[PDB]
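Participant: Sharing a structure below in structure tokens format, with a few things to ask.
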Amino acid sequence: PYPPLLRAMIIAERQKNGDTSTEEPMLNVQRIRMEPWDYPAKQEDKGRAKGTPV
Amino acid sequence: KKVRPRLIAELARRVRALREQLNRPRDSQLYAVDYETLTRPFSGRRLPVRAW
Amino acid sequence: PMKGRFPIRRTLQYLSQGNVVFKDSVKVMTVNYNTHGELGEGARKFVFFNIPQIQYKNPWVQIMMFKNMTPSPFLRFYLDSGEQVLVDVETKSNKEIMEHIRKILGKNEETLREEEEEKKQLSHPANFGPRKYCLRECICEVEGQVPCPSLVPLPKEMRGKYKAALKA
Amino acid sequence: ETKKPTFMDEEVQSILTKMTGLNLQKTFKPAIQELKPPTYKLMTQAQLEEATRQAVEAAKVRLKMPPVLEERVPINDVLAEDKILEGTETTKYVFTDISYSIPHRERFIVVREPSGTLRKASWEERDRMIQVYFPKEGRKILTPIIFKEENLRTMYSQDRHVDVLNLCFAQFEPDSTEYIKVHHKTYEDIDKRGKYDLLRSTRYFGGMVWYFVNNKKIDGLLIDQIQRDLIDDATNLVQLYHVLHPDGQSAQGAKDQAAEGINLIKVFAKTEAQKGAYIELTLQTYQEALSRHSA
Amino acid sequence: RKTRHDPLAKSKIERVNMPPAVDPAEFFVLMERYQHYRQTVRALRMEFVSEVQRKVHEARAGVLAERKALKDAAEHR
Amino acid sequence: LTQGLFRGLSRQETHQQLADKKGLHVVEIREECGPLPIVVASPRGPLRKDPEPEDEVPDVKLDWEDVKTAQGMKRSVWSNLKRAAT
Amino acid sequence: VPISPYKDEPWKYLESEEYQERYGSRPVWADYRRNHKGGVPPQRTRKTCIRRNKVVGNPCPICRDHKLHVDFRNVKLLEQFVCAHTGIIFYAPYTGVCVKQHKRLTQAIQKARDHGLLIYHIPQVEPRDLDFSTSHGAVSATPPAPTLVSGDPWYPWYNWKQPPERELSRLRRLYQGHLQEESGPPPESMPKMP
Amino acid sequence: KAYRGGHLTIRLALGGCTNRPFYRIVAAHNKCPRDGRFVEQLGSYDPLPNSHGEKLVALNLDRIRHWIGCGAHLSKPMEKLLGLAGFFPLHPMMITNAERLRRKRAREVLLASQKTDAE
Ligand code: FES
Ligand SMILES: [Zn+2]
């Protein structure tokens, strides 16, 4: 679902424009592929420590 | 409106970049670890307590 | 008094009375007028009264004037596309020239209101800040909300001095 | 089928506009405010007629009767109930959409209560929040104390009824519960004390006639019109009354007798008017005086 | 705040910040709420991003924008 | 200042004279009374049927002190100072 | 000690013969002048004419007469400090009143206008809205969501869901020696202190 | 001014005098000062309750959706104000801190009951 207020504002545009429907506004969460936090990132775009020995 | 050239800022910039490419530390120096004090001798920084 | 003849021209009220706002096309305006002759009288009055009003409304438009180069006066505008608009202003009054160039190259009253309405959305009444930009600086100026401590001292229970002492 | 005219109909607006009248001396009365030196213009006989003609056009734009609306319905709509947030807060939040290009009656104003309920702000809360972020000159966040019964009577005692209506129009909305009660009290006092003239040549006269005709209290107003040689306005008021109440004794009687002009007042006076006897006596006197002038 | 060239304090040389204790249940439950919350907010972000493209493309190459440039150019001729 | 004040205050033209001189109505326009035209004086003689020729720009000598004040340029720490009732 | 008898009814002093014999038809401040250097006076008057029950040399119009009470009911005295042509309260240097009484007059004058005792110009403003329809969802009814009718949360994860035993075992193993007591499902509703 | 890296964020800019906090929602650069230069002001939040007992939160939803579609981030306090309004989902920590408070208050009711019961 959309969060409550946004859903209320999506149903008011419809009725303001004159469109009459009983369908629910819903977000397509199929595109978003949630990867784990421990997924290998790119080491070829990562930096390196500078040569400042201590 | 004619900026007075700053040549020493360009000479040094090239030299510093060059040295970073000829004196660069290796993986053996950067990623060495003392297993008794659990610090990186290169930088003297303790590792996190969850990795020990 | 104010030096010069017709000193009312050198006033902000008179310079803002022009209703000729050129479009984005108009880049250069050239005025060719004759100092003497009855036919050229209107152009002389157009350069004496109306030209200041046009340059004040169109400060990025170049306005150049040439004297006694041709037998008759005329106006010529140079658009940004490369088009030249000739306007023979002989045997015409200054009011006719000002009304003629406002119809072929000037904006109407509908296009001007839109521009002014776009500037009313830049100053939101809800926003808080300095008087220069916003109406109110803080929300302590709104009746009902907790007033500023400078005018009305807050209760001892709402101040961090006693809270710390009260806690310890 | 057969719809009863509303307050904004052309046929009704033209009647209430004529009853209101136009008085420039009273419409453009010298306001008490910061002053500037006046400007003088040398005008001819014809330039003065055109200048006075433009004042009649501006006074009819200043006398535009405000629309009469009905009491708005309370807003009781819950968007969400979140029981997990119960007890996590002591006070409630009021969120307002301060987007500029939005009408104030299409603006979303919600309230997250301490019980986790996300409801819509009520009318009293909406109007207050719109005056905090979109302040309007003349309106105050906190309801003034002049609209109390005791303070209003004080104003009524000074014949300042037009001031009470202007303050209410600048503080409350036409469809409020306080704008309809403050107006009716003013109208009711006018009928009691016969101060109809005060609202004449204003934008609040049409609304005063619409409340009496619908509540059948035009006896006082009709008498005042008769006492001011205003039969034209007196006859149009009965005609209006008939239209709104077709199935009435007077309306049926008129059609039967095809009464016109002064006749309508007589038919209405007997059949429906509460003060039937008084109207006839007042109407009688007027008719007698008119005959003398004709002679 | 300090810079890179400022020496470190001598009171922090021997400082070790121990991580907080973990509640297996709450931590697992809290890791899923973030998982879903961020998936619900990423979809909304895309929606808001999709409205900014339209408006931008509905002003320079829109049907109501190309219908007025011809009206303004036709009146000029 | 005394001999000059009485000279200028006695050589001032009233609204009635202005009407008689020009045979036209002198109308007073006030912001408080809005656009309503108030007739302050009317000519006793024949009212002229032709209006005064309107002038696009008037060749009247102006005062820089007044123009400088209307354009918000007259800075003075002594003007419009709070004083007693006079 | 001055004990004015018109303390409760201050409006009776202006309609008496002692006021007419002292002030007459003019205002109380008509015959008051400030003492200062130069022709240009200071932009502010003295804070107060009474300091610790002691009056100064030249008291102001309100402080020189103890029978003049600045109340919101004494409309006849408050009209002397408001212009009858512009409806503006005069500044202190005009009348000569002190900051304390001029600050008390303004408060009394704004309270007489809020009670309908003092007449002031009330303009005829325009409507706030161009439309008056109340059919929009913002001020109307919104179709209740399924979750709201079923007494369920907007999102499922809002409610606590007990995790499986195998996963907690990973965490315990992951954080050995740095653990806290496992927490059971929270109570459905917030408790209250009896 | 140009910052190396950085991005835009919709945060809160603290304002008001001592013991009288007033926040004003703004879209500003990450590296800019809290109450420094801002691109736009998108609302205001008054923490202190008013006479009616309510906290005022102004939200310019129209402009908040524009800057979120241009690459602007959100701060935790600003992400919790939109969950209370219903524009965003309830922040996970708003739900977890509410559960911790329940257990806390349920743990204190036992002691109170025992005292009145045992004693
Ligand atoms: S200015 Fe708002 S609190 Fe001081
Ligand atoms: Zn004093």
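Order determines the names: the first chain of the structure tokens is A, the second B, and so forth; residues in each chain are numbered 1 upward, and ligands are numbered 1 upward as they are shown.
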Dump as a compact mmCIF listing (two decimals) with C-alpha atoms, in the first residue's frame the residues of chain A that approach chain D to within 8 Å, counting only C-alpha atoms.
Facilitator:
```
# COMPACT_ATOMS: atom_id res chain seq x y z
CA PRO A 4 -2.14 6.74 4.54
CA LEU A 5 -1.84 10.41 3.56
CA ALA A 8 -5.70 10.01 0.51
```
Participant: Contacts of residue F:68 at 12 Å or less, counting only C-alpha atoms, minus same-chain residues fewer than 5 places along, as number ranges by chain?
Facilitator: C: 1-2, 10-13; F: 62-63, 73-76
Participant: Around ligand 1, out to 9 Å and counting only C-alpha atoms and all ligand atoms, which residues are there? I want them as a ChimeraX atom specification.
Facilitator: /C:137-141,146-151 /H:15-22
Participant: Go ahead and save the picked residues with N, CA and C atoms, as a PDB file, in the first residue's frame.
Facilitator:
```pdb
ATOM      1  N   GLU C 137       9.909  36.200  11.550  1.00  0.00           N
ATOM      2  CA  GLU C 137      11.218  35.608  11.792  1.00  0.00           C
ATOM      3  C   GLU C 137      11.131  34.312  12.584  1.00  0.00           C
ATOM      4  N   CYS C 138      10.265  34.267  13.587  1.00  0.00           N
ATOM      5  CA  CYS C 138      10.061  33.087  14.405  1.00  0.00           C
ATOM      6  C   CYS C 138       8.568  32.846  14.544  1.00  0.00           C
ATOM      7  N   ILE C 139       8.215  31.709  15.135  1.00  0.00           N
ATOM      8  CA  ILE C 139       6.820  31.369  15.354  1.00  0.00           C
ATOM      9  C   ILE C 139       6.356  31.804  16.736  1.00  0.00           C
ATOM     10  N   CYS C 140       7.169  32.577  17.441  1.00  0.00           N
ATOM     11  CA  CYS C 140       6.769  33.159  18.708  1.00  0.00           C
ATOM     12  C   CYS C 140       5.929  34.406  18.506  1.00  0.00           C
ATOM     13  N   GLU C 141       5.825  34.875  17.267  1.00  0.00           N
ATOM     14  CA  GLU C 141       5.003  36.016  16.904  1.00  0.00           C
ATOM     15  C   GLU C 141       3.565  35.621  16.615  1.00  0.00           C
ATOM     16  N   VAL C 146       4.116  29.531  22.198  1.00  0.00           N
ATOM     17  CA  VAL C 146       4.932  29.990  23.327  1.00  0.00           C
ATOM     18  C   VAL C 146       5.681  31.258  22.931  1.00  0.00           C
ATOM     19  N   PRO C 147       5.548  32.355  23.668  1.00  0.00           N
ATOM     20  CA  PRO C 147       6.254  33.584  23.300  1.00  0.00           C
ATOM     21  C   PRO C 147       7.754  33.485  23.510  1.00  0.00           C
ATOM     22  N   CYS C 148       8.453  34.450  22.927  1.00  0.00           N
ATOM     23  CA  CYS C 148       9.893  34.532  23.082  1.00  0.00           C
ATOM     24  C   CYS C 148      10.246  34.769  24.547  1.00  0.00           C
ATOM     25  N   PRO C 149      11.336  34.181  25.046  1.00  0.00           N
ATOM     26  CA  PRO C 149      11.704  34.415  26.450  1.00  0.00           C
ATOM     27  C   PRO C 149      12.076  35.849  26.758  1.00  0.00           C
ATOM     28  N   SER C 150      12.484  36.623  25.754  1.00  0.00           N
ATOM     29  CA  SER C 150      12.872  38.002  26.003  1.00  0.00           C
ATOM     30  C   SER C 150      11.706  38.819  26.535  1.00  0.00           C
ATOM     31  N   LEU C 151      10.519  38.618  25.977  1.00  0.00           N
ATOM     32  CA  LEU C 151       9.330  39.364  26.359  1.00  0.00           C
ATOM     33  C   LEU C 151       8.599  38.711  27.524  1.00  0.00           C
TER      34      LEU C 151
ATOM     35  N   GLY H  15      16.231  26.959  15.465  1.00  0.00           N
ATOM     36  CA  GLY H  15      16.085  28.391  15.595  1.00  0.00           C
ATOM     37  C   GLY H  15      15.417  28.714  16.908  1.00  0.00           C
ATOM     38  N   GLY H  16      15.317  30.003  17.179  1.00  0.00           N
ATOM     39  CA  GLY H  16      14.704  30.481  18.395  1.00  0.00           C
ATOM     40  C   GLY H  16      15.706  30.713  19.505  1.00  0.00           C
ATOM     41  N   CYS H  17      15.211  31.328  20.568  1.00  0.00           N
ATOM     42  CA  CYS H  17      16.039  31.706  21.697  1.00  0.00           C
ATOM     43  C   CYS H  17      16.180  30.554  22.689  1.00  0.00           C
ATOM     44  N   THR H  18      16.965  30.811  23.729  1.00  0.00           N
ATOM     45  CA  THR H  18      17.257  29.810  24.742  1.00  0.00           C
ATOM     46  C   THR H  18      15.983  29.292  25.386  1.00  0.00           C
ATOM     47  N   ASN H  19      15.876  27.966  25.472  1.00  0.00           N
ATOM     48  CA  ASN H  19      14.724  27.270  26.025  1.00  0.00           C
ATOM     49  C   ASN H  19      13.462  27.479  25.209  1.00  0.00           C
ATOM     50  N   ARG H  20      13.599  27.902  23.958  1.00  0.00           N
ATOM     51  CA  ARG H  20      12.463  28.097  23.063  1.00  0.00           C
ATOM     52  C   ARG H  20      12.873  27.622  21.679  1.00  0.00           C
ATOM     53  N   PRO H  21      12.934  26.310  21.481  1.00  0.00           N
ATOM     54  CA  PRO H  21      13.371  25.773  20.192  1.00  0.00           C
ATOM     55  C   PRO H  21      12.288  25.873  19.129  1.00  0.00           C
ATOM     56  N   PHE H  22      12.693  26.307  17.940  1.00  0.00           N
ATOM     57  CA  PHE H  22      11.827  26.363  16.773  1.00  0.00           C
ATOM     58  C   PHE H  22      12.626  25.872  15.580  1.00  0.00           C
TER      59      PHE H  22
END
```
Participant: Could you work out which residues of chain H fall inside 10 Å of chain C? Count only C-alpha atoms, and format the result as an MDAnalysis selection string.
Facilitator: chainID H and resid 15:25 40:56 58:60
Participant: Put those residues in a file: N, CA and C atoms, as a CSV table (one decimal), in the first residue's frame.
Facilitator:
```csv
chain,number,residue,atom,x,y,z
H,15,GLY,N,16.2,27.0,15.5
H,15,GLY,CA,16.1,28.4,15.6
H,15,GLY,C,15.4,28.7,16.9
H,16,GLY,N,15.3,30.0,17.2
H,16,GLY,CA,14.7,30.5,18.4
H,16,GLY,C,15.7,30.7,19.5
H,17,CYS,N,15.2,31.3,20.6
H,17,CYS,CA,16.0,31.7,21.7
H,17,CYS,C,16.2,30.6,22.7
H,18,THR,N,17.0,30.8,23.7
H,18,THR,CA,17.3,29.8,24.7
H,18,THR,C,16.0,29.3,25.4
H,19,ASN,N,15.9,28.0,25.5
H,19,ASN,CA,14.7,27.3,26.0
H,19,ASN,C,13.5,27.5,25.2
H,20,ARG,N,13.6,27.9,24.0
H,20,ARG,CA,12.5,28.1,23.1
H,20,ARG,C,12.9,27.6,21.7
H,21,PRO,N,12.9,26.3,21.5
H,21,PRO,CA,13.4,25.8,20.2
H,21,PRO,C,12.3,25.9,19.1
H,22,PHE,N,12.7,26.3,17.9
H,22,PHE,CA,11.8,26.4,16.8
H,22,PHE,C,12.6,25.9,15.6
H,23,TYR,N,12.2,24.8,15.0
H,23,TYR,CA,12.8,24.2,13.8
H,23,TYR,C,12.1,24.7,12.6
H,24,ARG,N,12.9,24.9,11.5
H,24,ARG,CA,12.4,25.3,10.2
H,24,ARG,C,12.9,24.3,9.2
H,25,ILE,N,12.1,23.4,8.6
H,25,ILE,CA,12.5,22.4,7.6
H,25,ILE,C,13.1,23.1,6.4
H,40,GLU,N,16.1,25.8,-0.1
H,40,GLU,CA,14.7,26.2,0.1
H,40,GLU,C,14.2,25.8,1.5
H,41,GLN,N,13.2,26.5,1.9
H,41,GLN,CA,12.5,26.2,3.2
H,41,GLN,C,11.2,25.5,2.9
H,42,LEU,N,11.1,24.2,3.4
H,42,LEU,CA,9.9,23.4,3.1
H,42,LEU,C,9.0,23.2,4.3
H,43,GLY,N,9.1,24.0,5.3
H,43,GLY,CA,8.1,23.9,6.4
H,43,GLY,C,8.8,24.3,7.7
H,44,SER,N,8.0,24.1,8.8
H,44,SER,CA,8.4,24.5,10.1
H,44,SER,C,7.8,23.5,11.1
H,45,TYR,N,8.5,23.3,12.2
H,45,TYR,CA,8.1,22.5,13.3
H,45,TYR,C,8.2,23.2,14.6
H,46,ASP,N,7.1,23.3,15.4
H,46,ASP,CA,7.2,23.9,16.7
H,46,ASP,C,7.0,22.8,17.8
H,47,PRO,N,8.1,22.4,18.5
H,47,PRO,CA,8.0,21.4,19.5
H,47,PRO,C,7.1,21.7,20.7
H,48,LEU,N,7.2,23.0,21.2
H,48,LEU,CA,6.5,23.3,22.3
H,48,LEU,C,5.0,23.4,22.1
H,49,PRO,N,4.2,22.7,22.9
H,49,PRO,CA,2.7,22.8,22.7
H,49,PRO,C,2.2,24.2,22.9
H,50,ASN,N,1.1,24.5,22.1
H,50,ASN,CA,0.5,25.7,22.1
H,50,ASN,C,-0.6,25.7,23.1
H,51,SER,N,-1.4,26.8,23.2
H,51,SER,CA,-2.5,26.9,24.2
H,51,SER,C,-3.5,25.8,24.0
H,52,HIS,N,-3.8,25.4,22.7
H,52,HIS,CA,-4.7,24.3,22.5
H,52,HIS,C,-4.1,22.9,22.7
H,53,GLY,N,-2.8,22.9,23.0
H,53,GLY,CA,-2.1,21.6,23.3
H,53,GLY,C,-1.6,20.8,22.1
H,54,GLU,N,-1.3,21.5,21.0
H,54,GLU,CA,-0.9,20.8,19.8
H,54,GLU,C,0.4,21.4,19.2
H,55,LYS,N,1.1,20.5,18.6
H,55,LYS,CA,2.4,20.9,18.0
H,55,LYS,C,2.2,21.1,16.5
H,56,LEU,N,2.6,22.3,16.0
H,56,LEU,CA,2.4,22.7,14.6
H,56,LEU,C,3.6,22.2,13.7
H,58,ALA,N,4.4,22.3,9.7
H,58,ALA,CA,4.1,22.8,8.3
H,58,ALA,C,4.9,21.9,7.3
H,59,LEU,N,4.3,21.4,6.3
H,59,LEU,CA,4.9,20.5,5.3
H,59,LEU,C,4.6,21.0,3.9
H,60,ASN,N,5.6,21.3,3.1
H,60,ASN,CA,5.3,21.6,1.7
H,60,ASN,C,5.5,20.4,0.9
```
Participant: Could you list, as a list in words, every residue within 9 Å of residue H:3, counting only C-alpha atoms and ignoring same-chain residues fewer than 6 positions away?
Facilitator: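 After dropping sequence-adjacent residues, the list is residues 29, 31 and 32 of chain H.
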Participant: Can you tell me which residues come within 10 Å of ligand 2 when counting only C-alpha atoms and all ligand atoms, ideally as a list in words?
Facilitator: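 Every residue with an atom at most 10 Å from ligand 2 is listed here: residues 45, 46, 47, 48, 49, 50, 55, 56, 58, 59, 60, 61, 62, 63, 64, 65, 96, 97, 98, 99, 100, 101 and 102 of chain G.
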Participant: Mind dumping the selected residues with C-alpha atoms as a PDB file, in the first residue's frame?
Facilitator:
```pdb
ATOM      1  CA  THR G  45       9.318  61.094  27.163  1.00  0.00           C
ATOM      2  CA  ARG G  46      10.246  60.225  30.726  1.00  0.00           C
ATOM      3  CA  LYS G  47       9.500  56.638  31.724  1.00  0.00           C
ATOM      4  CA  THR G  48       7.316  57.616  34.662  1.00  0.00           C
ATOM      5  CA  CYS G  49       6.403  60.680  36.679  1.00  0.00           C
ATOM      6  CA  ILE G  50       6.016  58.732  39.947  1.00  0.00           C
ATOM      7  CA  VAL G  55       5.977  62.854  41.967  1.00  0.00           C
ATOM      8  CA  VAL G  56       8.507  64.770  39.885  1.00  0.00           C
ATOM      9  CA  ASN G  58       6.483  68.643  36.034  1.00  0.00           C
ATOM     10  CA  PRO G  59       4.066  65.700  36.025  1.00  0.00           C
ATOM     11  CA  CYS G  60       2.371  64.670  32.815  1.00  0.00           C
ATOM     12  CA  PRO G  61      -1.349  65.227  32.172  1.00  0.00           C
ATOM     13  CA  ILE G  62      -2.270  61.833  33.613  1.00  0.00           C
ATOM     14  CA  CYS G  63       0.094  61.984  36.602  1.00  0.00           C
ATOM     15  CA  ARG G  64      -0.615  65.567  37.686  1.00  0.00           C
ATOM     16  CA  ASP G  65      -4.296  64.735  38.295  1.00  0.00           C
ATOM     17  CA  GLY G  96       3.587  64.727  26.927  1.00  0.00           C
ATOM     18  CA  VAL G  97       2.533  61.570  28.738  1.00  0.00           C
ATOM     19  CA  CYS G  98       5.145  59.251  30.153  1.00  0.00           C
ATOM     20  CA  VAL G  99       5.950  55.866  28.651  1.00  0.00           C
ATOM     21  CA  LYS G 100       4.126  54.163  31.508  1.00  0.00           C
ATOM     22  CA  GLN G 101       0.821  55.954  30.919  1.00  0.00           C
ATOM     23  CA  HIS G 102       1.126  55.923  27.134  1.00  0.00           C
TER      24      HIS G 102
END
```
Participant: I'd like a table as a Markdown table: residues in chain F with an atom no more than 9 Å from chain C, each row giving the shortest atom pair and its distance in Å to one decimal, only C-alpha atoms counted, sorted by chain and rising residue number.
Facilitator:
```
| residue | atom | partner | partner_atom | distance |
| --- | --- | --- | --- | --- |
| F:57 | CA | C:6 | CA | 7.8 |
| F:58 | CA | C:6 | CA | 7.2 |
| F:59 | CA | C:6 | CA | 5.0 |
| F:60 | CA | C:6 | CA | 6.9 |
| F:61 | CA | C:1 | CA | 5.9 |
| F:62 | CA | C:1 | CA | 5.4 |
| F:63 | CA | C:1 | CA | 4.7 |
| F:64 | CA | C:2 | CA | 5.7 |
| F:65 | CA | C:1 | CA | 8.9 |
| F:67 | CA | C:11 | CA | 7.4 |
| F:71 | CA | C:12 | CA | 7.0 |
```
Participant: Save out the residues we just selected, N, CA and C atoms, as a PDB file, in the first residue's frame.
Facilitator:
```
ATOM      1  N   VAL F  57       2.360  65.448 -21.484  1.00  0.00           N
ATOM      2  CA  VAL F  57       3.339  65.732 -20.444  1.00  0.00           C
ATOM      3  C   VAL F  57       3.261  67.223 -20.137  1.00  0.00           C
ATOM      4  N   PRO F  58       3.226  67.631 -18.868  1.00  0.00           N
ATOM      5  CA  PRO F  58       3.145  69.061 -18.565  1.00  0.00           C
ATOM      6  C   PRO F  58       4.508  69.691 -18.329  1.00  0.00           C
ATOM      7  N   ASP F  59       4.757  70.839 -18.955  1.00  0.00           N
ATOM      8  CA  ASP F  59       6.023  71.554 -18.791  1.00  0.00           C
ATOM      9  C   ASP F  59       5.933  72.464 -17.569  1.00  0.00           C
ATOM     10  N   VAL F  60       5.976  71.833 -16.399  1.00  0.00           N
ATOM     11  CA  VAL F  60       5.908  72.526 -15.123  1.00  0.00           C
ATOM     12  C   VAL F  60       7.226  72.316 -14.397  1.00  0.00           C
ATOM     13  N   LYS F  61       7.802  73.405 -13.899  1.00  0.00           N
ATOM     14  CA  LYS F  61       9.065  73.324 -13.184  1.00  0.00           C
ATOM     15  C   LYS F  61       8.851  72.603 -11.862  1.00  0.00           C
ATOM     16  N   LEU F  62       9.625  71.553 -11.634  1.00  0.00           N
ATOM     17  CA  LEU F  62       9.496  70.739 -10.440  1.00  0.00           C
ATOM     18  C   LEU F  62      10.535  71.141  -9.404  1.00  0.00           C
ATOM     19  N   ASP F  63      10.366  70.600  -8.203  1.00  0.00           N
ATOM     20  CA  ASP F  63      11.268  70.840  -7.091  1.00  0.00           C
ATOM     21  C   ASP F  63      11.965  69.536  -6.748  1.00  0.00           C
ATOM     22  N   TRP F  64      13.294  69.562  -6.766  1.00  0.00           N
ATOM     23  CA  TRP F  64      14.067  68.358  -6.500  1.00  0.00           C
ATOM     24  C   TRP F  64      13.817  67.827  -5.097  1.00  0.00           C
ATOM     25  N   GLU F  65      13.553  68.716  -4.140  1.00  0.00           N
ATOM     26  CA  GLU F  65      13.293  68.276  -2.774  1.00  0.00           C
ATOM     27  C   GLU F  65      12.054  67.395  -2.705  1.00  0.00           C
ATOM     28  N   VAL F  67      10.648  65.731  -5.425  1.00  0.00           N
ATOM     29  CA  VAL F  67      10.875  64.542  -6.239  1.00  0.00           C
ATOM     30  C   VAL F  67      11.830  63.596  -5.530  1.00  0.00           C
ATOM     31  N   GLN F  71      10.787  59.567  -4.333  1.00  0.00           N
ATOM     32  CA  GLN F  71      11.580  58.449  -4.814  1.00  0.00           C
ATOM     33  C   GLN F  71      12.392  57.791  -3.705  1.00  0.00           C
TER      34      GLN F  71
END
```
Participant: I need the residues in chain F that are alpha helix (DSSP H) according to DSSP; give them as a PyMOL selection string.
Facilitator: chain F and resi 2-10+15-22+64-70
Participant: Write out the residues from the selection above, keeping N, CA, C and O atoms, as a short mmCIF file (atom, residue, chain, number, x, y, z; two decimals), in the first residue's frame.
Facilitator:
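Dumped to again_30.cif:
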```
data_model
loop_
_atom_site.label_atom_id
_atom_site.label_comp_id
_atom_site.auth_asym_id
_atom_site.auth_seq_id
_atom_site.Cartn_x
_atom_site.Cartn_y
_atom_site.Cartn_z
N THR F 2 7.83 87.33 7.29
CA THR F 2 6.51 87.83 7.62
C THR F 2 5.91 88.60 6.45
O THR F 2 4.73 88.43 6.14
N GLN F 3 6.71 89.43 5.80
CA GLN F 3 6.21 90.20 4.67
C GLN F 3 5.98 89.32 3.45
O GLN F 3 5.14 89.64 2.60
N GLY F 4 6.71 88.21 3.35
CA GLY F 4 6.53 87.30 2.24
C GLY F 4 5.40 86.31 2.45
O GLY F 4 4.79 85.86 1.48
N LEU F 5 5.13 85.95 3.70
CA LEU F 5 4.06 85.01 3.98
C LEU F 5 2.70 85.63 3.69
O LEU F 5 1.84 85.01 3.05
N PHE F 6 2.48 86.85 4.17
CA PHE F 6 1.21 87.53 3.93
C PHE F 6 1.01 87.83 2.46
O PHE F 6 -0.12 87.96 2.00
N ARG F 7 2.11 87.97 1.72
CA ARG F 7 2.02 88.23 0.29
C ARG F 7 1.55 87.00 -0.47
O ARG F 7 0.71 87.09 -1.36
N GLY F 8 2.09 85.83 -0.11
CA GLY F 8 1.68 84.60 -0.77
C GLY F 8 0.35 84.07 -0.29
O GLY F 8 -0.35 83.40 -1.05
N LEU F 9 -0.02 84.36 0.95
CA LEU F 9 -1.28 83.89 1.49
C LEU F 9 -2.46 84.74 1.06
O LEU F 9 -3.61 84.30 1.21
N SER F 10 -2.21 85.93 0.53
CA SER F 10 -3.26 86.80 0.04
C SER F 10 -3.43 86.73 -1.46
O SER F 10 -4.46 87.17 -1.98
N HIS F 15 -11.20 78.08 -5.14
CA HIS F 15 -11.81 77.17 -6.10
C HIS F 15 -12.93 77.84 -6.87
O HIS F 15 -13.19 77.49 -8.02
N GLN F 16 -13.61 78.81 -6.25
CA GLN F 16 -14.67 79.53 -6.94
C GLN F 16 -14.10 80.39 -8.06
O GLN F 16 -14.65 80.42 -9.16
N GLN F 17 -13.01 81.10 -7.79
CA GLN F 17 -12.37 81.91 -8.82
C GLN F 17 -11.89 81.05 -9.97
O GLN F 17 -12.05 81.40 -11.14
N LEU F 18 -11.28 79.91 -9.64
CA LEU F 18 -10.77 79.01 -10.67
C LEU F 18 -11.89 78.55 -11.59
O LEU F 18 -11.70 78.46 -12.81
N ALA F 19 -13.05 78.25 -11.03
CA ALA F 19 -14.19 77.88 -11.85
C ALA F 19 -14.66 79.04 -12.71
O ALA F 19 -14.87 78.88 -13.92
N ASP F 20 -14.81 80.22 -12.11
CA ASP F 20 -15.23 81.39 -12.87
C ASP F 20 -14.22 81.74 -13.95
O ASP F 20 -14.59 82.06 -15.09
N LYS F 21 -12.93 81.67 -13.62
CA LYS F 21 -11.89 81.98 -14.59
C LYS F 21 -11.95 81.03 -15.78
O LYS F 21 -11.81 81.46 -16.93
N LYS F 22 -12.16 79.74 -15.53
CA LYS F 22 -12.19 78.74 -16.58
C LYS F 22 -13.58 78.23 -16.89
O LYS F 22 -13.73 77.38 -17.78
N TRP F 64 13.29 69.56 -6.77
CA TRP F 64 14.07 68.36 -6.50
C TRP F 64 13.82 67.83 -5.10
O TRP F 64 13.86 66.61 -4.87
N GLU F 65 13.55 68.72 -4.14
CA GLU F 65 13.29 68.28 -2.77
C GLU F 65 12.05 67.39 -2.70
O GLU F 65 12.01 66.42 -1.94
N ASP F 66 11.03 67.72 -3.49
CA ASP F 66 9.80 66.93 -3.48
C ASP F 66 9.96 65.65 -4.29
O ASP F 66 9.45 64.60 -3.90
N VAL F 67 10.65 65.73 -5.43
CA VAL F 67 10.87 64.54 -6.24
C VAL F 67 11.83 63.60 -5.53
O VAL F 67 11.72 62.37 -5.65
N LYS F 68 12.79 64.14 -4.79
CA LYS F 68 13.75 63.31 -4.08
C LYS F 68 13.11 62.59 -2.91
O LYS F 68 13.57 61.53 -2.50
N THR F 69 12.04 63.17 -2.34
CA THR F 69 11.33 62.53 -1.24
C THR F 69 10.40 61.43 -1.74
O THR F 69 10.29 60.37 -1.11
N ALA F 70 9.73 61.65 -2.87
CA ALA F 70 8.80 60.66 -3.40
C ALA F 70 9.53 59.42 -3.92
O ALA F 70 8.95 58.33 -3.96
#
```
Participant: Taking only C-alpha atoms into account, report as a PyMOL selection string which residues of chain D lie within 8 Å of chain C.
Facilitator: chain D and resi 98+100+132-135+141-142
